[PDB]
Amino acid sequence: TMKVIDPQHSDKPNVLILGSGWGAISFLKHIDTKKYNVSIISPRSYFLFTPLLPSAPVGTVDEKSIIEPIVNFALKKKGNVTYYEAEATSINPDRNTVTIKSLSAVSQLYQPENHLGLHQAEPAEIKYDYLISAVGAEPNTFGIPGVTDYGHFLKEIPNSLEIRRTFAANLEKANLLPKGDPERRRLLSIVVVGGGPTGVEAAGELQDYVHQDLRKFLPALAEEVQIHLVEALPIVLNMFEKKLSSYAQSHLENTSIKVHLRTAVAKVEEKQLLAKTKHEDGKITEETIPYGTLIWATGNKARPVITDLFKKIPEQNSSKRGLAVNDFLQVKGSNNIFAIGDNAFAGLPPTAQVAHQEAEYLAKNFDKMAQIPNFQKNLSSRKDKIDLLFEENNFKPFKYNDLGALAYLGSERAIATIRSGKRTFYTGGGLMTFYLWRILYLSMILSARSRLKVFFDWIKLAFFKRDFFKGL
C-alpha cells in the first residue's frame, strides 16, 4: 500500500540527503556524483543564506537575493541528482528507508529519467544505502505561553514576510491615531526577545529602517517607535568578548533601542507581554509591556522526525538536543546514517560555520570510502562494521576550526572576531568593521547569483530607500 522508491540500475551507492540548508547544500557541493547517486529530500526548494535573514524584513536585502534554488547547485554536478520536494516524516533505520509526505514535486536532473509513479500528497518511502540527515532544528518557545500565537519567529523566509506585514499594518493604524494616544504608542512598539546576534541584528535592522527611511516621510511617527531588546542573561552577544558586548550594548542604546538585560519574557498575550527582571541582588521585578510586533529569537530545539528517531535507536534514547554521532559524524547505533548541522549534537555550537565544516569533512570521507571496496560491501553484510572500517583505515576524526563570529548592530556598525586555530587576526568593532562584515558575508554566500543580488541590493541602498511593501 506504501510505494517504495529503490533505484538499482546503478552499482553506485544511493546517497540520500535530508534538507536543503547549510549542511545539506555544502555536502551536495562537495559529494562526488560520479561515485554516488545523490537524492535530496526537502520541503524547501531553495537554500537560505541565514546570516542575512535579519536584514530581509525591512528590505535591506530582498528575500529573493538571499536564497538560491537547489536545482542551481544540482546542475553543477556531473552525475545524477534527484530532488524530492517533500518533508521527511519518518526515518526507518532497519529497512534503510525514509518516509516522505506533502510531496509537491520531483525533479530528476538526468536525461533518461525513470518514471517513479509518484503522486502529490501520496506518501512514499525512499530507500538509501547512505543517509545524510541535515534537517536542522526548529524554534524553541521554552513553553512560554502565547509566543507561537502572538509572536513571530525569525527562522525562514515566510517569517520575514510575516514580520513586515505586521509592522507595516501597525504603522498604518498608528498614523491614523492622534499623537500621544497610548494605542498609537503600542502599535509603534517592537519587542525582540533574545540578545544573541539574531535578535540584535533584527533590532538593529528595524531601527535602521525607522531612522533612515520612515523618518524621511513620516518623521513624527518614526520618532515615536520604540524597539525593545529583551535578554535573560546579564549581557548581549555572550559568545563575544565582554568588551565587544559592552560596545554593542552602548551602541544599541545610542540608536534608541531599549535593552532589557537580566530580563525574561514569562508570558505573552495578544497585545502585551510580561517581562521579569532578576536583579544582581536576587530581587525580582515585573513589567507589563504593550507591544505591536513581537519577534522571538531564543534558539532552537530538535524536530519531531529526529526525536522520533531517538526512540528507534537504543544508543540514542538519551539524546535530547540532537542526534549523537561519533568522531566520523556517523549516527551512534547506526551503520549507514550520518548527521551534520543543528540536527546532530557533539558539543559544538549550532552554527552555519560548524554545519559547513562538517559537510565538507563528510564529503571528503565519502571520496575515500569510494576507494575502499569494503565500505560498499558492509551494506550487504548483516554485521555493521562501518565504524570499525573508519578506524581501521585511519580516517581522521572531524576537527572543528572556529573561524570567529560577526554581528551587525545597526547604523553602520558591526563587531567581528576573525580566528583560525589559536591565532586571532581581527577582533574589534566600528565603522570599518561594518564594511568588513559586508565583504565577509558576500564571500560566504554559496552562489554567484545570490552574491550578485545582495551586492546589487546594497548598491541601491546607497542611493534609495529600502523597499517596504506590505504585500510583496
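The first residue of the shown sequence is 1; numbering continues from there. Only the largest set of C-alpha atoms that superpose within 1.5 Å between the two forms is called the rigid core.
In a rigid core superposition of the other structures in 7 other deposited structures of this protein, 278-286 and 141-149 differ in how far their CA atoms stray, and the farther one is 278-286. When the other structures are laid on the shown form by the core, the C-alphas of 97-105 and 260-268 differ in how far they drift in 7 other deposited structures of this protein; the larger average drift belongs to 97-105. Of the other structures of this protein that model both sides of residue 342, every one gives it coordinates; not a third omit it. Coverage remark for residue 184: present in the model in all other entries compared whose chains are built on both sides, leaving no third without it. Looking at mean Cα B-factors across 235-243 and 162-170, the upper value is held by 235-243.
As recorded in the PDB entry, 315-323 is the stretch of 315-323 and 332-340 with the greater mean C-alpha temperature factor.
When the C-alpha B-factors of 77, 251, 267, 303 are ranked from the entry, the top spot goes to 77. Note on 372, 193, 274, 190: the highest value goes to 372, judged by CA B factor as recorded. For residue 296, the recorded CA temperature factor ranks within the lowest third of the chain's modelled residues. Per-chain ranking of the deposited C-alpha B factor places residue 142 in the middle third. In the PDB entry, residue 150 places in the middle third of its chain by CA B-factor. Per the PDB record, residue ranking by Cα B-factor puts residue 376 in the highest third of the chain. Per the PDB record, residue ranking by Cα B-factor puts residue 33 in the highest third of the chain.
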